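Asker: Input file: input-v4.tsv. Contents: TSV, C-alpha atoms.
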```
chain	number	residue	atom	x	y	z
A	2	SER	CA	1.23	14.49	19.20
A	3	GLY	CA	-1.76	12.39	20.33
A	4	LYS	CA	-2.25	11.24	16.72
A	5	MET	CA	-1.22	8.14	14.74
A	6	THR	CA	-0.56	7.68	11.00
A	7	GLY	CA	-1.65	4.66	8.93
A	8	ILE	CA	-3.31	3.63	5.65
A	9	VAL	CA	-6.89	2.65	4.74
A	10	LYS	CA	-7.35	-0.73	3.03
A	11	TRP	CA	-11.11	-1.11	2.53
A	12	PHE	CA	-14.07	1.24	3.12
A	13	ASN	CA	-17.77	1.10	2.19
A	14	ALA	CA	-19.88	4.25	1.72
A	15	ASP	CA	-23.09	2.31	0.98
A	16	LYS	CA	-23.26	1.03	4.58
A	17	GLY	CA	-21.20	3.83	6.18
A	18	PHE	CA	-18.17	1.93	7.52
A	19	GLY	CA	-14.64	0.84	6.53
A	20	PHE	CA	-11.42	-0.75	7.85
A	21	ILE	CA	-8.07	1.03	8.25
A	22	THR	CA	-4.58	-0.46	8.73
A	23	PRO	CA	-2.29	1.47	11.11
A	24	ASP	CA	1.46	0.95	10.59
A	25	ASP	CA	2.34	0.60	14.30
A	26	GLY	CA	-1.13	-0.94	14.74
A	27	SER	CA	-0.52	-3.99	12.52
A	28	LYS	CA	-4.07	-4.88	13.64
A	29	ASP	CA	-7.13	-3.53	11.79
A	30	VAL	CA	-9.68	-1.01	13.10
A	31	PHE	CA	-13.08	0.05	11.71
A	32	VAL	CA	-13.87	3.60	10.55
A	33	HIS	CA	-16.95	5.64	9.55
A	34	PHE	CA	-17.70	8.63	7.29
A	35	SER	CA	-18.93	10.73	10.24
A	36	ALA	CA	-15.52	12.16	11.22
A	37	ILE	CA	-13.42	12.27	8.02
A	38	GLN	CA	-11.31	15.16	6.70
A	39	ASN	CA	-11.98	15.69	2.98
A	40	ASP	CA	-14.16	18.82	2.86
A	41	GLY	CA	-17.27	17.15	1.41
A	42	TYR	CA	-18.11	14.73	-1.41
A	43	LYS	CA	-17.34	11.72	0.83
A	44	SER	CA	-14.81	9.64	-1.13
A	45	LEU	CA	-11.62	7.72	-0.28
A	46	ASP	CA	-9.07	5.60	-2.19
A	47	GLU	CA	-8.13	1.96	-1.51
A	48	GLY	CA	-4.65	1.57	0.03
A	49	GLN	CA	-4.22	5.30	0.77
A	50	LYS	CA	-2.12	6.77	3.60
A	51	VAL	CA	-4.41	8.33	6.23
A	52	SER	CA	-4.16	9.28	9.93
A	53	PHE	CA	-6.58	8.96	12.87
A	54	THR	CA	-6.77	8.62	16.67
A	55	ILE	CA	-8.66	5.34	17.17
A	56	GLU	CA	-11.93	6.89	18.41
A	57	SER	CA	-14.36	5.04	20.71
A	58	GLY	CA	-18.14	4.73	20.22
A	59	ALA	CA	-19.00	1.01	20.07
A	60	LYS	CA	-16.21	-1.22	21.44
A	61	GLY	CA	-12.76	0.41	21.46
A	62	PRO	CA	-11.34	1.31	18.02
A	63	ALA	CA	-13.46	3.36	15.59
A	64	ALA	CA	-12.18	6.00	13.14
A	65	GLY	CA	-11.08	9.16	14.99
A	66	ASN	CA	-10.18	12.21	12.87
A	67	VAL	CA	-9.66	10.26	9.62
A	68	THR	CA	-7.61	12.59	7.39
A	69	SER	CA	-5.73	11.81	4.16
A	70	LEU	CA	-1.95	12.37	4.06
```
Would you mind writing the file out in structure tokens?
Answerer:
Amino acid sequence: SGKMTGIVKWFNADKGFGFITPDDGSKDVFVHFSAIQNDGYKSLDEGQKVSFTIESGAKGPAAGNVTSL
């Protein structure tokens, strides 16, 4: 299980970026709407439980299979 569960706090669709809050990862990582898991109609809730895999593209953390629980 190379995956980690967490919850998204904030996320902007106007710019194309957001910030998630992983349980084990008390820290905060950024996410994008270019690797989500919600069919289509890009849309997410504030303070929702979602999983990921901390993907890399810029620095270190960055979305990574963002799916809603």
Asker: Given 8 Å on each side, where is the centre and what are the edge lengths in Å to one decimal of the axis-aligned box enclosing the listed atoms of segment 51-56 of chain A, as JSON?
Answerer:
```
{"center_x": -8.0, "center_y": 7.3, "center_z": 12.3, "size_x": 23.8, "size_y": 19.9, "size_z": 28.2}
```
Asker: Between A:64, A:9, A:14, A:59, which has the minimum distance to residue 47 of chain A (counting all atoms listed in the file)?
Answerer: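 The answer is A:9, which sits nearest to residue 47 of chain A.
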Asker: Can you measure atom CA of residue 8 of chain A to atom CA of residue 22 of chain A for me? One decimal in Å is fine.
Answerer: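 According to the coordinates, atom CA of residue 8 of chain A and atom CA of residue 22 of chain A are separated by 5.3 Å.
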Asker: Smallest atom-to-atom distance to residue 17 of chain A: which of A:44, A:38, A:2, A:52, using only C-alpha atoms?
Answerer: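 Checking each candidate against residue 17 of chain A, we get A:44 as the closest.
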Asker: Considering all atoms listed in the file, state which residue in the set A:24, A:32, A:15, A:67 is at the smallest distance from residue 51 of chain A.
Answerer: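 Smallest separation from residue 51 of chain A among the options: A:67.
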Asker: Report, in Å with one decimal, the straight-line distance from atom CA of residue 43 of chain A to atom CA of residue 55 of chain A.
Answerer: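 These atoms are spaced 19.6 Å apart.
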Asker: Select, from A:25, A:6, A:31, A:20, the residue with the minimum atom-to-atom distance to residue 62 of chain A, counting only C-alpha atoms.
Answerer: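 Of the candidates, the smallest distance to residue 62 of chain A is held by A:31.
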Asker: As an MDAnalysis selection string, please: the residues near residue 65 of chain A (cut-off 6 Å, all atoms listed in the file, same-chain neighbours under 3 positions excluded).
Answerer: chainID A and resid 53:56
Asker: A:41, A:10, A:49, A:35: which is nearest residue 66 of chain A, counting only C-alpha atoms?
Answerer: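 Among the listed residues, the smallest separation from residue 66 of chain A belongs to A:35.
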